[PDB]
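Comments concern the structure below.
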Amino acid sequence: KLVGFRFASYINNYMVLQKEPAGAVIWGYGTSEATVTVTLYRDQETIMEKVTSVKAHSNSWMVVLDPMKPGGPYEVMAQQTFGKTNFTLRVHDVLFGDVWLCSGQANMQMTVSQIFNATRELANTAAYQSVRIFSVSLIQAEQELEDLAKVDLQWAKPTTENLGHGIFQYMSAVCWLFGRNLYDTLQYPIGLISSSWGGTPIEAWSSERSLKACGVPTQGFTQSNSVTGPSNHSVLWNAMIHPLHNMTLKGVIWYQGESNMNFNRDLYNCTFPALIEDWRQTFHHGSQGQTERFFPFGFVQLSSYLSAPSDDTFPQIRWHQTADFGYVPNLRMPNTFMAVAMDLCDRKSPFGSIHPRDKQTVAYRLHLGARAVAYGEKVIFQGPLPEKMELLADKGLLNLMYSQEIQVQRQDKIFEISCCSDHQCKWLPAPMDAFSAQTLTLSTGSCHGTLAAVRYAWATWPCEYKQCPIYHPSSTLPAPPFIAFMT
Ligand SMILES: *[C@@H]1O[C@H](CO)[C@@H](O[C@@H]2O[C@H](CO)[C@@H](O)[C@H](O)[C@H]2NC(C)=O)[C@H](O)[C@H]1NC(C)=O
Ligand SMILES: *[C@@H]1O[C@H](CO)[C@@H](O[C@@H]2O[C@H](CO)[C@@H](O)[C@H](O)[C@H]2NC(C)=O)[C@H](O)[C@H]1NC(C)=O
Ligand SMILES: *[C@@H]1O[C@H](CO)[C@@H](O)[C@H](O)[C@H]1NC(C)=O
Ligand SMILES: *[C@@H]1O[C@H](CO)[C@@H](O)[C@H](O)[C@H]1NC(C)=O
């Protein structure tokens with residue numbers, strides 16, 4: 001921070017810069033009015049050169065490289081010329097590829113040394129040396145920071161030691177496994193930046209713009225059993241996300257929401273879509289338009305934990321994570337994709353059931369959505385959801401017609417119906433009565449009243465591991481939870 005001429009903190013040896021059609025932003029600090037020349041080299045050969053100057057009343061400089069085909073290695077040099085003085089900066093083993101930012105709370109923070117099969121996962125790096133990794137230090141700030149205050153893991157080739165460095169240290173398992181899966185598909189460099197902090201609500205990760213857009217109340221005394229990390233508005237946006245916003249990138253994956261179970265829960269269907277839109281706007285502008293204005297944003301629908309049976313804050317958050325549609329992308333969440341995780345539970349996790357150890361399936365399901373939404377591939381990435389319902393009240397039956405094929409295991413409490421009688425509505429279990437390839441028939445005979453709604457898997461812990469009642473027969477994806485109201 002005392003060195004006058006330097007790169008921004010996202011720039012280092014071994015990094016990945018965003019590939020074509022975007023141009024990669026390179027920025028740093030230097031002496032006011034100095035000229036800065038940025039050169040991309042392949043050893044001694046000049047690939048491209050960009051020239052700029054440090055603005056007269058600020059001490060930063062920025063260039064945008066021409067778009068690059070993925071691959072490498074390259075070296076980036078920056079030279080500051082100021083009068084008769086010459087200072088140079090150099091980073092090597094630079095690759096061009098897709099840069100993904102991974103963020104959220106503790107289930108993004110959980111590292112490869114904490115997951116199932118860790119020994120073998122930590123050893124599987126030789127084929128993935130072009131999946132480069134980076135982890136942001138846990139820092140909060142009361143104002144937006146221009147540059148990261150601290151980096152835990154600077155850009156690196158993956159090794160046993162840095163993938164599994166410590167419990168909730170680095171490297172994020174969901175992030176790593178997502179990138180590894182993407183590398184299998186894309187076969188060009190992937191950069192992974194993890195920026196997460198356990199026990200944090202979405203308000204900490206939101207700029208003031210998205211909070212204002214949602215009418216979020218002014219902060220009071222926020223800390224509780226479920227909010228254990230920084231909870232002041234925007235303090236993690238300020239320090240751990242905003243400093244990256246000028247860096248060109250491909251997309252974001254996100255795993256957060258547990259700490260909103262009792263913190264502006266009823267606003268999460270606003271604050272999460274608003275965060276996505278605000279990060280998009282801010283990163284698009286910061287990167288001089290190079291990051292896509294609607295860059296793909298993927299997220300994990302909350303998994304389960306062993307809660308009180310009556311607690312339905314997690315089901316509410318899961319619904320709000322989809323802006324109350326049940327699926328993404330949707331009208332309020334364009335170019336988003338979701339991994340369902342409620343069936344990826346872990347009764348015996350040494351980190352608590354709130355921190356389940358199967359991150360492999362989470363990253364697999366995320367990478368399906370990325371392939372479809374971020375890369376345009378015709379790959380199934382959504383689980384079966386009803387597209388219409390037919391109530392046969394005289395027969396005591398409710399037909400659910402699904403838009404995909406279903407594989408169904410008998411489970412007479414996973415569906416519930418809202419039965420309104422005697423001036424009250426109660427949720428009653430709805431047994432499964434009959435099955436066809438895309439139609440499930442529920443029995444409603446226990447409802448001696450009017451049927452107002454139906455819901456599925458509306459519980460904090462709806463099933464045992466990979467034993468939810470409804471899956472697609474071959475995509476491996478579970479039916480997502482939902483609620484649907486009768487006309
Ligand atoms: C444990 O981790 C290892 C390493 O990732 C897995 O073995 C790899 O499995 C993939 C399939 O996902 C193969 O494509 C690779 O060739 C394997 N690599 C190595 C080095 O063996 C193994 O499948 C994992 N097992 C469990 C139960 O998670
Ligand atoms: C990172 O992006 C921000 C925008 O989000 C840049 O700030 C803008 O800079 C332009 C050009 O100097 C000004 O006209 C705008 O008023 C600035 N906007 C804001 C909101 O500050 C910022 O300069 C970028 N960082 C670097 C190093 O260039
Ligand atoms: C959060 O803001 C409150 C109220 O302004 C203040 O007491 C404190 O400085 C902040 N907390 C932390 C941990 O920074
Ligand atoms: C968010 O959910 C709450 C609680 O169900 C509801 O009252 C509100 O209308 C929802 N808002 C949006 C924008 O979906």
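Please note that chains go A, B, ... in the order of the structure tokens, that every chain numbers its residues from 1, and that ligands are numbered from 1 in the order shown.
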Item to check | For residue 59 in chain A: contacts at 9 Å, only C-alpha atoms, fewer than 6 positions along chain excluded, given as a ChimeraX atom specification | outcome: /A:4,28-33
Checklist entry - Do you know which residues are within 9 Å of ligand 3 using only C-alpha atoms and all ligand atoms? Can you write them as a PyMOL selection string? => result chain A and resi 140-142+219-221+230-233+235
Checklist entry - Which residues form the shell of 12 Å around ligand 1 when you count only C-alpha atoms and all ligand atoms, given as a PyMOL selection string? => result chain A and resi 112-113+115-128+160+173+176-177+180-181+183-185+357-361+363-364
Checklist outcome for this item: Students should find that CA of residue 212 in chain A and CA of residue 137 in chain A are spaced 27.2 Å
Item to check | Within 6 Å of ligand 4, counting only C-alpha atoms and all ligand atoms, residues as number ranges by chain | outcome: A: 266-267, 269-270, 323-324
Next on the checklist: So that I can see what lies close to residue 448 in chain A, please list as a count of residues only the residues with an atom at most 9 Å from it, counting only C-alpha atoms and leaving out residues fewer than 5 positions away in the same chain.
Outcome noted: 3
Next on the checklist: as a ChimeraX atom specification, please: every residue in range 81-247 of chain A that DSSP puts in strand (DSSP E or B).
Outcome noted: /A:81-82,85-104,111,131-136,151-156,172,190-196
N, CA and C atoms of the current selection, written as a CSV table (one decimal), in the first residue's frame:
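Saved result, selection.csv, follows:
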chain,number,residue,atom,x,y,z
A,81,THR,N,6.1,5.5,-16.8
A,81,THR,CA,7.2,6.5,-17.1
A,81,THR,C,6.7,7.9,-16.6
A,82,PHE,N,7.6,8.5,-15.8
A,82,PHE,CA,7.3,9.8,-15.1
A,82,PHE,C,8.6,10.6,-15.2
A,85,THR,N,12.0,8.8,-14.9
A,85,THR,CA,12.0,7.6,-14.2
A,85,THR,C,11.2,6.5,-14.9
A,86,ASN,N,11.5,5.3,-14.6
A,86,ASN,CA,10.9,4.1,-15.2
A,86,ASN,C,10.8,3.1,-14.1
A,87,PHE,N,9.5,2.6,-13.9
A,87,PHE,CA,9.3,1.5,-13.0
A,87,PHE,C,8.5,0.5,-13.7
A,88,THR,N,8.8,-0.8,-13.4
A,88,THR,CA,8.1,-1.9,-14.1
A,88,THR,C,7.5,-2.9,-13.1
A,89,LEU,N,6.4,-3.5,-13.6
A,89,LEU,CA,5.7,-4.5,-12.9
A,89,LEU,C,5.6,-5.7,-13.8
A,90,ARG,N,5.6,-6.9,-13.3
A,90,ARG,CA,5.5,-8.1,-14.2
A,90,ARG,C,4.7,-9.2,-13.4
A,91,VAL,N,3.8,-9.9,-14.1
A,91,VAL,CA,3.2,-11.1,-13.6
A,91,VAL,C,3.3,-12.1,-14.7
A,92,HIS,N,3.5,-13.4,-14.3
A,92,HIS,CA,3.7,-14.5,-15.3
A,92,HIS,C,2.7,-15.6,-15.0
A,93,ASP,N,2.8,-16.6,-15.9
A,93,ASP,CA,1.9,-17.7,-15.9
A,93,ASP,C,0.4,-17.3,-15.9
A,94,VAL,N,0.1,-16.2,-16.7
A,94,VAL,CA,-1.2,-15.7,-16.8
A,94,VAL,C,-1.9,-16.5,-17.9
A,95,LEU,N,-3.2,-16.9,-17.6
A,95,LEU,CA,-4.0,-17.6,-18.6
A,95,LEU,C,-5.2,-16.7,-18.9
A,96,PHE,N,-5.8,-17.0,-20.1
A,96,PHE,CA,-7.1,-16.4,-20.4
A,96,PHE,C,-8.2,-17.5,-20.4
A,97,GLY,N,-9.3,-17.3,-19.8
A,97,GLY,CA,-10.4,-18.3,-19.7
A,97,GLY,C,-11.6,-17.7,-19.1
A,98,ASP,N,-12.4,-18.5,-18.4
A,98,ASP,CA,-13.5,-18.0,-17.7
A,98,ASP,C,-13.3,-17.8,-16.2
A,99,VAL,N,-13.6,-16.6,-15.7
A,99,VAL,CA,-13.4,-16.2,-14.3
A,99,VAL,C,-14.7,-16.3,-13.6
A,100,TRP,N,-14.8,-17.1,-12.6
A,100,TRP,CA,-16.1,-17.2,-11.8
A,100,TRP,C,-15.8,-16.8,-10.4
A,101,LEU,N,-16.7,-16.0,-9.9
A,101,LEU,CA,-16.6,-15.5,-8.5
A,101,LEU,C,-17.6,-16.3,-7.7
A,102,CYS,N,-17.1,-16.9,-6.6
A,102,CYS,CA,-17.9,-17.7,-5.7
A,102,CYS,C,-18.1,-17.1,-4.4
A,103,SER,N,-19.4,-16.9,-3.9
A,103,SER,CA,-19.6,-16.1,-2.7
A,103,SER,C,-20.7,-16.7,-1.9
A,104,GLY,N,-20.9,-16.2,-0.7
A,104,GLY,CA,-22.0,-16.6,0.1
A,104,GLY,C,-21.6,-16.8,1.6
A,111,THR,N,-14.3,-26.0,2.9
A,111,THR,CA,-13.2,-26.3,2.0
A,111,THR,C,-13.1,-27.8,1.6
A,131,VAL,N,-7.0,-24.8,-13.8
A,131,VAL,CA,-8.1,-24.3,-12.9
A,131,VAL,C,-7.4,-23.5,-11.8
A,132,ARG,N,-7.3,-22.2,-11.9
A,132,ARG,CA,-6.5,-21.4,-11.0
A,132,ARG,C,-7.4,-20.9,-9.9
A,133,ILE,N,-6.9,-20.8,-8.6
A,133,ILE,CA,-7.7,-20.5,-7.5
A,133,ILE,C,-7.1,-19.3,-6.7
A,134,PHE,N,-8.0,-18.7,-6.0
A,134,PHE,CA,-7.8,-17.4,-5.3
A,134,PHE,C,-8.9,-17.3,-4.2
A,135,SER,N,-8.5,-16.9,-3.0
A,135,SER,CA,-9.4,-16.7,-1.9
A,135,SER,C,-9.3,-15.4,-1.2
A,136,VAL,N,-10.3,-14.6,-1.1
A,136,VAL,CA,-10.4,-13.3,-0.4
A,136,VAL,C,-10.4,-13.5,1.1
A,151,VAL,N,-5.6,-10.7,1.0
A,151,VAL,CA,-5.8,-11.9,0.2
A,151,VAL,C,-5.3,-13.1,1.0
A,152,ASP,N,-6.2,-14.1,1.2
A,152,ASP,CA,-5.8,-15.3,1.9
A,152,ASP,C,-5.0,-16.2,1.0
A,153,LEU,N,-5.4,-16.5,-0.2
A,153,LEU,CA,-4.8,-17.3,-1.2
A,153,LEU,C,-4.6,-16.5,-2.4
A,154,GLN,N,-3.4,-16.1,-2.8
A,154,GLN,CA,-3.2,-15.5,-4.1
A,154,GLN,C,-3.3,-16.5,-5.2
A,155,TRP,N,-3.5,-16.0,-6.4
A,155,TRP,CA,-3.7,-16.9,-7.5
A,155,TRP,C,-2.7,-18.1,-7.5
A,156,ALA,N,-3.1,-19.3,-7.7
A,156,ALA,CA,-2.3,-20.4,-7.6
A,156,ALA,C,-2.8,-21.6,-8.5
A,172,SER,N,-12.7,-23.2,-1.0
A,172,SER,CA,-14.1,-23.5,-1.1
A,172,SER,C,-14.3,-24.8,-2.0
A,190,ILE,N,-9.9,-21.9,-16.3
A,190,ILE,CA,-10.9,-21.4,-15.4
A,190,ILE,C,-10.2,-20.8,-14.2
A,191,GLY,N,-10.7,-19.6,-13.9
A,191,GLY,CA,-10.2,-18.9,-12.7
A,191,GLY,C,-11.4,-18.9,-11.7
A,192,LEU,N,-11.0,-19.2,-10.4
A,192,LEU,CA,-12.0,-19.3,-9.3
A,192,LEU,C,-11.6,-18.4,-8.2
A,193,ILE,N,-12.5,-17.4,-7.9
A,193,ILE,CA,-12.3,-16.5,-6.8
A,193,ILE,C,-13.3,-16.8,-5.7
A,194,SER,N,-12.9,-17.2,-4.5
A,194,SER,CA,-13.8,-17.4,-3.4
A,194,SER,C,-13.8,-16.2,-2.5
A,195,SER,N,-15.0,-15.8,-2.2
A,195,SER,CA,-15.2,-14.6,-1.3
A,195,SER,C,-16.5,-14.9,-0.5
A,196,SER,N,-16.3,-15.5,0.7
A,196,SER,CA,-17.4,-15.9,1.5
A,196,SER,C,-17.1,-15.8,3.0
Item to check | Nearby residues (only C-alpha atoms) at most 7 Å from range 48-50 of chain A, same-chain spacing under 5 positions excluded, as an MDAnalysis selection string | outcome: chainID A and resid 37:40 63 65
Please, could you write that set of residues out with N, CA, C and O atoms as a PDB file, in the first residue's frame?
ATOM      1  N   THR A  37       2.213   2.064 -19.604  1.00  0.00           N
ATOM      2  CA  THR A  37       2.143   1.189 -20.764  1.00  0.00           C
ATOM      3  C   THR A  37       2.001  -0.247 -20.274  1.00  0.00           C
ATOM      4  O   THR A  37       2.840  -0.730 -19.508  1.00  0.00           O
ATOM      5  N   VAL A  38       0.944  -0.924 -20.714  1.00  0.00           N
ATOM      6  CA  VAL A  38       0.670  -2.301 -20.332  1.00  0.00           C
ATOM      7  C   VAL A  38       0.886  -3.172 -21.559  1.00  0.00           C
ATOM      8  O   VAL A  38       0.297  -2.921 -22.619  1.00  0.00           O
ATOM      9  N   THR A  39       1.719  -4.194 -21.417  1.00  0.00           N
ATOM     10  CA  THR A  39       2.072  -5.072 -22.522  1.00  0.00           C
ATOM     11  C   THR A  39       1.774  -6.511 -22.142  1.00  0.00           C
ATOM     12  O   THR A  39       2.124  -6.955 -21.042  1.00  0.00           O
ATOM     13  N   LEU A  40       1.116  -7.222 -23.048  1.00  0.00           N
ATOM     14  CA  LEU A  40       0.927  -8.658 -22.953  1.00  0.00           C
ATOM     15  C   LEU A  40       1.992  -9.352 -23.791  1.00  0.00           C
ATOM     16  O   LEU A  40       2.104  -9.103 -24.998  1.00  0.00           O
ATOM     17  N   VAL A  63      -6.392   0.014 -18.154  1.00  0.00           N
ATOM     18  CA  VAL A  63      -6.488  -0.282 -19.574  1.00  0.00           C
ATOM     19  C   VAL A  63      -7.439  -1.460 -19.733  1.00  0.00           C
ATOM     20  O   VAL A  63      -7.701  -2.215 -18.791  1.00  0.00           O
ATOM     21  N   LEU A  65      -7.569  -4.717 -22.209  1.00  0.00           N
ATOM     22  CA  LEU A  65      -6.905  -5.464 -23.264  1.00  0.00           C
ATOM     23  C   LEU A  65      -7.890  -5.817 -24.377  1.00  0.00           C
ATOM     24  O   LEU A  65      -9.108  -5.887 -24.180  1.00  0.00           O
TER      25      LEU A  65
END
Checklist entry - Which residues sit within 12 Å of ligand 2, counting only C-alpha atoms and all ligand atoms, listed as a PyMOL selection string? => result chain A and resi 6-10+25-30+52-64+144-147+242-248+278-291
Checklist entry - Any idea what's packed within 7 Å of residue 413 in chain A, counting only C-alpha atoms, ignoring anything in its chain fewer than 6 positions away? Could you give it as number ranges by chain? => result A: 429-431
Checklist entry - With only C-alpha atoms as the basis for distance, which of A:319, A:433, A:374, A:468 is at the shortest distance from residue 484 in chain A? => result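 Comparing A:319, A:433, A:374, A:468 against residue 484 in chain A, the winner is A:319.
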Item to check | Backbone-only DSSP, alpha helix (DSSP H) members of range 103-315 of chain A, as a PyMOL selection string | outcome: chain A and resi 106-109+118-123+160-163+173-186+208-213+235-236+268-286+313-315
Checklist entry - Which residues come within 9 Å of range 310-313 of chain A, counting only C-alpha atoms, excluding same-chain residues fewer than 2 positions away, as a ChimeraX atom specification? => result /A:260-262,265,307-308,315-318,458-460
